[PDB]
Each structure stands twice: as C-alpha cells, then as structure tokens.
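Let me begin by presenting the structure, written as structure tokens, before commenting on it.
Bear in mind that the values in this text are calculations on the coordinates, not laboratory data. Backbone-built Cβ (ideal geometry, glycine too); neighbour counts: all protein chains shown.
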Amino acid sequence: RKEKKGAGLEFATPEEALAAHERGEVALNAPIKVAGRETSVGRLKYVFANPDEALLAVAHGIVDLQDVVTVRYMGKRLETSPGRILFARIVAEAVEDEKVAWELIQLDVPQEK
Amino acid sequence: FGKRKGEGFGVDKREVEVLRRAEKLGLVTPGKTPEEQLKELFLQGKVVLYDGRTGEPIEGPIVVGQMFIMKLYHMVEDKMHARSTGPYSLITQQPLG
Amino acid sequence: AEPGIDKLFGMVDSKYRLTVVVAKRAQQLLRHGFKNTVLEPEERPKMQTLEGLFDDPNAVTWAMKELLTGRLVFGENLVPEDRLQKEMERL
Amino acid sequence: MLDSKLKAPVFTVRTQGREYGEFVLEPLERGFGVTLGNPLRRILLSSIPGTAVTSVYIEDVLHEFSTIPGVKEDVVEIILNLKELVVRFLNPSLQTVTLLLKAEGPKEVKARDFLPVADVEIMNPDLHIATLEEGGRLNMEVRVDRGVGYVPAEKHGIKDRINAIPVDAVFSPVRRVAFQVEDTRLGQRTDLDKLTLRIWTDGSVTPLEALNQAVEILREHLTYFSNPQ
Amino acid sequence: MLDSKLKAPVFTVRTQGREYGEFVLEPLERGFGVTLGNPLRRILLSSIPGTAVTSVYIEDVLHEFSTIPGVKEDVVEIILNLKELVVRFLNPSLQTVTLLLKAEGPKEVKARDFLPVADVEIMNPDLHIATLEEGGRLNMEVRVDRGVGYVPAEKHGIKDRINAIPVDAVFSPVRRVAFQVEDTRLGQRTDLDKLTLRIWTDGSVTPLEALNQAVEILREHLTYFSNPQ
Amino acid sequence: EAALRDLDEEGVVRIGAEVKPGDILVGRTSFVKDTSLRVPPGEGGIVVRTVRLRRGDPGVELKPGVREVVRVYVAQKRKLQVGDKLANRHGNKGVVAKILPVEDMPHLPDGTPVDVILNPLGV
Amino acid sequence: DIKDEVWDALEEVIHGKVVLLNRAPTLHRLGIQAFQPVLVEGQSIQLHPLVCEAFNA
Amino acid sequence: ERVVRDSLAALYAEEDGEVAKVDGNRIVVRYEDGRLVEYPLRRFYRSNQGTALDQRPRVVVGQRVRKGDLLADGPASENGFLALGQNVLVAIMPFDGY
RNA sequence: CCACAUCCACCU
C-alpha cells in the first residue's frame, strides 16, 4: 500500500535528512509508506535481521503485512513487505529446500492468479 | 451507541486499531474522533467484528445485517441412494430397485 | 499421494507397466499369503492404533513399498512362464 | 505485591440481581486483556453446567403432533414455550426433578402454576405456558435434569412413560458474555489494559459462580500440561 | 472415564534439539483446542522473559547509517548481525551488562571474540559479527538488558554515551510459535480436538521450559479472580 | 413376535409409536407367508394417522380384486443440518457446510454473535 | 445394533481403499477421480475445494 | 398480506362480531346478527409434496373482531403476512473455507 | 414388483 507524500522526497543526497524525515514521520508530515524519491521512511525506521523478527514485530501490531520495510534475508537486504516475506516462507516450508523455493517465486509483485 | 454508553463504556482498543486501519484504507475521513468515525463507518453498513476464536478483531470493517433466509424444498435428493446388492431387471440383469 | 511415485515412475518405462507389476505382486502376496515378502525384518508398514499393518490391511501399499526397494525384477519374459503358471493355479 | 499485584488487576464486581454482572479486572499489562477475556468467554459459553427441561408427558395426548381439547396452543407450541423455562436447583446433589401441573377452566396457565418442590425454584414465574378456554383439562409432568452443553432430544432418549415425548435441552445458564479491554494509565507506564467482562445469565446461576466455575475449569485444563511423557 | 477423565489428553513431546519443539495434546473436547491454543500462543509471543542487545556504541560512529572505514560491513549490518546474538545471565541479580570488544588486524570478528565475562554466557560463540580487511579499528561496546516481548529502539531510547545508538530489542527467547487444532476422532464420536503446537526458540530456553513458563503465567493470572472487591 | 409390541391393534400399528427403518408398520399375510409393510431403509418418525378402507363401502370404491387397503401417515420433525440448503429472495443459493458452536463465531462488540456468514465473492 | 466395534472395523477396512467420485456431466477425463475416503458424521460428501474446478461442481 | 388473503389458506372473519370459543382445532364465532358459526381447522394436513398445512388460532376468547379480520394463521404466515423463512443476523465475509 | 407413457422439479 502507498498513500501520500507530503514533504521533500529528496533523500539520496543528504545524509542529515534521515533524522529530519524521521522527525517528520513523528509528526504528520509524512506517512510510513511515503512515496519518497529512493526509500520510504518505513524502510528507514524498521530493519529486521531475520524474517522471524519481522513477523514477530507484525504479531505485536507495530507494522502491518502491507508495510514496506527492510528485511535481511538469507543473503541480501530486501525492501519488501512482511506479507511477501511470509508468502516466501510459506513456499519454502511447503517444500523442503529453500533455495529452489526462492528461485521459483517472484516476490516483487502481488500474487495474481 | 447510546445504549452502549449507558453502562459507562467508551471505545475498545481493538476498535481503535480497526478504525486506524480503516483510516489507512480511506473508509473514514481522518482527523475525527472514534465517536463520529465509528458513526460514519456505521453509515456504510459496516461494523467492527471480533473473531471469537482468537478474540482479536477481524481486520477491516465487516458488513452485517438482517437477512430473510429460507430453507428450500428438501426431498430424498440429499439422501444417499447407496446400495451394495439389490433388485435386478428382467430383460437385462442390470440392477435397478 | 503414496511414497515415492516419482521414482516408481522413473524406474519403469510406462506407468501402465508399473500398475501391472504392482498388481501382480499384490495378487501373489494375497494368494501366497504375506510370507514371501522381501521387507520382513525391520521395514514394514506401521498401523496407528496397533501394529495391524503387520498382516494384511491393504496389499497395494505392501506391493508399492516392496517395489520401492531393489529386491524385485520385472520383464516381458524373464522366467519360463509355463512352469510357474501351471504351479500358480494347481496349488 | 506491587509491581506484580498492584501493577496487576484488582478485581471489582458490579452485579444486579442474579441476571447481569460486570467484573472489572484492572490493570493488566499490555496484551493480556484478550489473552484472559477470550478463553473465559469461550468456557462460559461452552461448558457451564445447568438445568433444562428434558422430558414432557401429557395425560391426554399420545404424540407431539396432536392437540388437547380446550387448549389454544398445539403440543409443539407447548414444548417450545417449555424450552424457555429456567429452573434453579437448591441442592447441589439433586439431579432430576419431576414437576407436576394441574389446570382447568378459563385459565392463562403461566409458569407459577407448577406445584412447589422442596429444592426447586422457578426463576421466571410469569412465563406463559398455555391458555385454557373452558372445560379444558391440562395434566402434565415435566422431567427436568441437570446437564452441560446442548443435546438433541433423540440423543439422550429419556423414556419414563410410554406416552412421554423427549425434548431438546439447552443446559447453558449463561445467556451471553461480552468482554471489553480499555486503556488505563499508571505513573510508570501510560498504556495498560483494563479488562471488564459483562455476563448475562438466565438466573439459574449467578454470574459470579459461573465465572468461578469457568476459572476452575480453565485451571484444571491447564493442569493437564503438568505431566509430560 | 474416557468421556472426560480417562481421556486426560496425552501430551506427546518431540524435541529436535534446543530449538524446535512439537507438543501434541490428544484428545481434547470440542472447542477447547482453540481455547487452549490462543492464550498460550499470546503468552509465548508476549511475556516470556529474556535478554537482548539493547544498545551499541562504537567510537567512530556518529550516525546509524554511516560507513566504517576498515570494515566492509556498514553500521546497519553490524547492528543487524548483533540482533541475533543470544546471551544468558547466570544469576537473577543481573539487570544490565556492558560488554566491550577490542579487535584489530585482518581477522574475522565473531561473538566468541568478545572479552569473557564471569556471570554471562553466550550460546552462539561462532556467530560471525564482521570482517576486518587490513588493521580495522574495531572498538565496540554493547549494553544488554533483560525484558519481555519486543521493544522498538525508538521509544525506550536507553543511552550510555552521547554518540551511542539504540538497537531494537528482541527479548522474547522464542523465535515463533504456531498452533493447529485438527478434528481427531474417538471410537463413537468425531467432534473432538487434537492440538499440535510447534515452537521455534533461539536456544536460550528449551521449548518445554517456555511452555511450562507460559502455562505457569496463565495459571497465576487466573488465580487473580480469587479475591473480589 | 418381539417386534410385534408396536403393532398394537389388528394389523395396524398404534398411533404415536416411533418407528425406525426395518420396523413393521402393517402386518399382511399371503398364501402362510409374511409379506408385511416395513419402514424402508432411511428415516422414519412418529405415526400420526391410520386409515382403513374395506369392502364394506359406505361410499368408497376400490380397485377390483383388492379386498382392503390401509394407509399410514408417519410424521418427523426435520431440523437444519449439513445436507439441507438455504437461500434468500435474491437467488443466492447455498448449502450449509458447517454448523459452528456459538463461542467461536464472529460477534459484535456486544455479546450478540452473528447467525450466518455469507461469502462475498458470490456478489 | 450399531456398535463402536463395528465403526472401528469399518475404519480398519478402508485404511488403504480408494473410491471413485463422479460428477453427473462427465465432460472430460477429470470427471472421474479417485480419493481416499475419510469417515465423517453427516449426510453430505466432503469435497476438497481445489478440485472444485476439475469437476464443474 | 394480499398473497395470504387471496390464497385460501388462512381464516378471516366474514362479518363484524365477537369470538365465542377458541380451541386448537375449531373456533366458534358469534357475529353481530346473533348467528354463531364454527370454523374447523386442518390441524396437521399432509400436503401434496409431503409438507404440513396448519391453521394456528390467532384470537382469544371474547375478543372483538372486524370484517375481514384475521382469525387463524396459514401454513406459512406469521400474522396475516406471507412468512416462509426466517430473519437471521448475516455477516458478509469469507470464513475459513466453509 | 420395478415395463412404457405423461407431467413437475433439481444440477450442469
């Protein structure tokens, strides 16, 4: 889900802009799923070492399954949603091996029929 | 909601999170208190429901109401015509009872 | 499904031949009784409420698990058919 | 008993009669309002033993699809009205009771017309039962039993008389349960849970006793995890 | 009696090391499988006590999204790798522990390379923290507390040094839990419940210990209805 | 003879006696050989009425060659179950698939729970 | 005369057996499908949702 | 109401009067002219398709009635209204798989 | 005994 961008989306250049945009998200300046230039404030605020941590944080109501967030998967940092990560884990547990399950899915698009 | 407030109850926290989630979905206008937000949600015909099995509310509002549901004519059609051995016909011996 | 249908298909040229083999093994297991199995010592089907899968709850699973191992041979003509077919019905 | 009992729910009760009762449990640490409300509600609505009408015998009729002369209502309507009867047992050891009812003349037969019993109370004496116009005789016996849950008429199959007709039983004294968790503030922590659960019952069992039975059942079921193997 | 008493649900345990545990409760009466699964799952995911790396301070770190010369991993990677570090305190008296790390030279730095502390233990010494290419200046320290549940780094803001950076704390030892209730069957009736519960834990506490703590917490919270006011 | 208890009067089963499948309803003897009407396999309820027509016709006419006939009405109280089907006035057909207990169904913020749940995808 | 032992024996009989389910218009090959029966209480036949398209059911 | 009235399944008062006797199987009503008439009820009549046709009394002893007023219900009428079905609380949401 | 004819329905 994406809602609205209310502040200066410029983020690639300024390294001090992280604190300013975090403060803006503290107020009602920018939503968590903001349509920023490079990254949303949701990806900046929450970073998860493992999918288990992301799903546990979802269980606590901090972030929804439809939230953009940075998750450190087996070998890479992915700016995805906990719902997509959970779907990937569902596929990976339905079958035995996880590498094949990871390579036979596309976790960048909604799961249409 | 007047009957609800008669006993001295406000808005449940589960209702609060349901209302904020619906606000993210555009169902209710933002900047309003849970009172009139829930009123506007009621105008849509949708109210907050609780799962009952888990206790947590169903994400997003649920439409509920009163429906006139009637049971249709129910003959032997549902009954299982399951046989293992029965009558056989005269010309051919294919069984039909 | 059933254990290892993929390798069962792999070890046979056609599925129908596999069906014939498994059904003939089942018929042998019935009419001989379950004595001449090649999975007797340890690896046997396990029943839930008791060990009733020792004797004869369903022989198709016996034949399939027996064919999963390498103690079985099947072919168009591997043994003189007349002698074994005359010993099949007259005993 | 302060961080773990005072920053933990005190238990207050607000009950009127023996029909409706609220129980406030405040404060709870975050997440425990539902964790306690849901199992208690399920047990209260599921496995609270009670009393309900089990069998009905009429001196006149011989099956449930007949009618009594002089009676406005059918036998089916009589059974349906009798389903709503609530009976309170005063002796815990008492299991099965047989109430008798004699009726004649132009009388609006209510629930209060049942013959008194030593350890039986009718919590709804104003419940309408039947209507007798003139020269109509209503001689009935109702066998009420104490049970749990919902049981179909044919499942129990109680037959004390040849002409007796079994009826369905709803052994749940609890009419409904509604638990609500609200936000309460403490000095050290601003967000805490206050769990208030409201119980509507039929009067056979006071809500406090129903809550105690539900808590005891949940505790005895939690004890079932104590012995592993 | 097999209706309620003799069917004291067998509690079968299948533990694959100190990480994975399956517990099967069988047979259970209708509707009670969910009633036991939900509160236990919530208790396990919310209130199991544990320890986590609350914060970290590095001498040359001024912002949390900067790059450290001499280390290929950035600060974000460092804190993420520090997230999965599991530490067990030896006595209940510990509340906060500060653990430092000296490291230089082209070597791999792991959890085992932390300076030993007498009263703490590390369950994953081989946890690869980072790498040093050539004389990487690794002067680090981490403060670890004990707590419950999951605490975002933003709200608590626990600080030791001016340039110290908060770290999201995952106090709950259990990685995750999943309960499934499936319709088992007895000899005469089918409407029963079989409750399987799968627990994945970091390794600080075995799944049996976590389940025992959860049921003890639930029982002690149930005992809060005894005294009304 | 053990099952003859329900067959109270001469050949006709008594009113108000519950009958299960395989139970005698009317006892008829042919040339002696037992050819008696029994409850067919399936379901049976409560006998409510029995009518007998004989050759002593007040005003009745019968199929020639038939001396008498008896008809028995058996009533049962069918309840909603999985087999049945329900529908509304708008053509939304449906078949009951599961009967949930009261405790685990969705309920309002009040104590009142919902009665029936309909799949939106049919709309 | 039904008894729990009869039900246990029936469960033992159908441990490995399969039954063929069929829809009245058999348009293609998937209108006949084998299944492993599971004893249930009721009058209707429980069908897996995923085969709701193989049959036009 | 038009459907239940035009289909001769219920009972209606042909003239202004007062009900004399009400039983489960007949209703005796005395009209304004002094003429009393007894209306019998098909208490449990098997239909052509095997259903039950019932006339349930809906008046009390000594109750004044008007011309065309309802006296007994039809097989599928609540109070002079076509009632074949129930009113239930429906939630339009997908449950698990049921 | 269930044959055949006619009619009304249900699922595609």
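In segment E:50-89, the C-alpha radius of gyration followed by the widest Cα-Cα span (Dmax) gives 11.4, 34 angstrom.
Considering every Cα-Cα pair within chain B, what fraction, in whole percent, is farther apart than 18 Å? Write down the numbers at each step before the final one.
On the way: 3020 of 4656 pairs.
So the portion of pairs separated by more than 18 Å is 65 percent.
Rounded, prolate or oblate: which one fits the protein assembly as shown, using the alpha carbon gyration tensor with axes a ≥ b ≥ c (rounded when a/c is under 1.5, else prolate when a/b beats b/c, else oblate)? Kindly include the intermediate steps, with their values, before the conclusion.
Working: a/c = 2.26, a/b = 1.46, b/c = 1.55.
Taking the square roots of the gyration eigenvalues as a ≥ b ≥ c, the protein assembly as shown is oblate.
What does the convex hull of the alpha-carbon atoms of chain E project to on average, in nm²? Numbers along the way, then the final one.
Details: hull surface 67.8 nm².
Seen from a random direction, the Cα hull of chain E projects 16.9 nm² on average.
Computing FRET efficiency as 1/(1 + (r/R0)^6) for E:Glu133 and A:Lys99, where r is the C-beta to C-beta distance and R0 is 35 Å, gives about 0.75.
By Kyte-Doolittle mean hydropathy of at least 0.5 and Cα axial length of at least 15 Å, which whole DSSP H helices of chain D are selected? If you can, show how the numbers build up before the last one.
On the way: long enough: D:32-46 (21 Å, 0.69); D:207-222 (22 Å, 0.04).
Once both thresholds are applied, what remains is D:32-46.
Per residue, the Cα convex hull of chain H amounts to 144 Å³.
Charges were assigned to the Cβ only: +1 to each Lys and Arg, -1 to each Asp and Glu. The resulting dipole of chain E about its Cα centre is roughly 840 debye. For chain C, the Cβ-based charge dipole about the Cα centre amounts to some 140 debye (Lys, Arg positive; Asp, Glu negative; other atoms uncharged). Looking at segment H:24-75, the trypsin sites (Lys or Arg not before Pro) that sit in a DSSP loop and have at most 14 other Cβ atoms within 10 Å of their own Cβ are H:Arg35, H:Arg42, H:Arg66, H:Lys67. Computed from the C-beta positions of G:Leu21 and A:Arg37, the FRET efficiency with R₀ = 51 Å rounds to 0.35. Once the Cα atoms of helix A:82-94 and of chain A are each reduced to a long axis, what angle between those two axes, in degrees from 0 to 90 to the nearest 10, is obtained? Computed tilt is about 10 degrees. Of the Cα atoms belonging to chain C, the radius of gyration and Dmax stand at 14.1, 44 Å. Which of rounded, prolate or oblate describes segment F:59-106 when judged by the alpha-carbon gyration tensor and an a/c cut-off of 1.5? The shape class here is prolate. Per residue, the protein assembly as shown reaches -6000 deg cm²/dmol at 222 nm when only DSSP H runs of four or more residues are counted, each adding -39500 (n - 2.57). Were the residues from F:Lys77 through F:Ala97 laid out at 0.36 nm apart, the gain over their Cα-Cα distance would be 5.1 nm.
Students often get this wrong: which residues of segment F:1-16 have the backbone nitrogen under 11 Å from the point 7 angstrom along Cα-to-C-beta of F:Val70? Counting only backbone N, you get F:7-15.
What is the sum of charges, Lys and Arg at +1 and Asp and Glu at -1, for the other residues whose Cβ falls under 13 Å from the Cβ of E:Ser226? So the surrounding residues net to +1.
Fewest Cβ neighbours within 10 Å first, please rank E:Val10, E:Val167, B:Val76, D:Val151 accordingly.
Listing E:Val10, E:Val167, B:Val76, D:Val151 from fewest to most nearby Cβ atoms yields B:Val76, E:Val10, D:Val151, E:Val167.
Across chain F, Cα-Cα pairs farther apart than 26 Å form 51% of the total.
Measuring between their Cα centroids, segment D:136-194 and chain G lie 36 Å from each other.
So in the protein assembly as shown, what percent of DSSP beta bridges are antiparallel if you round to the nearest 5? Write down the numbers at each step before the final one.
Values: 160 of 165 bridges.
About 95 percent, rounded to the nearest 5.
Once Rg and the Kirkwood radius are both taken over the C-alpha atoms of segment D:18-65, their ratio Rg/Rh works out to 1.34. Taken over chain A, the alpha-carbon convex hull comes to 121 cubic angstrom per residue.
Can you pick out the pairs among A:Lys33/B:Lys13; D:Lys83/D:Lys155; A:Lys2/A:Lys76; C:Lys46/E:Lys194; B:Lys39/D:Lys194; D:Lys5/E:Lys159 whose Cα atoms lie more than 27 Å from each other? Each step should come with its number before you reach the end.
Numbers: A:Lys33/B:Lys13 23 Å; D:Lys83/D:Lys155 17 Å; A:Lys2/A:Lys76 24 Å; C:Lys46/E:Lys194 21 Å; B:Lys39/D:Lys194 24 Å; D:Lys5/E:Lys159 30 Å.
Pairs exceeding 27 Å: D:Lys5/E:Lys159.
Panel order for D:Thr131, E:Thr98, by other beta carbons found within 10 Å of each beta carbon, from fewest to most: E:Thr98, D:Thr131.
Taking Cα centre as origin and charging only the Cβ of basic (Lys, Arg, +1) and acidic (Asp, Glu, -1) residues, the dipole magnitude of the protein assembly as shown rounds to 1940 debye. The eigenvalues of the Cα gyration tensor, multiplied by 5 and square-rooted, give segment D:74-198 an equivalent ellipsoid with semi-axes of 41, 18, 14 Å from largest to smallest. With Cα atoms as the point set, segment D:9-135 shows a radius of gyration and Dmax of 20.6, 68 Å. Annotation: peptides D:45-55, E:196-206, ranked by per-residue average of other Cβ atoms within 10 Å with the highest first, follow the order D:45-55, E:196-206.
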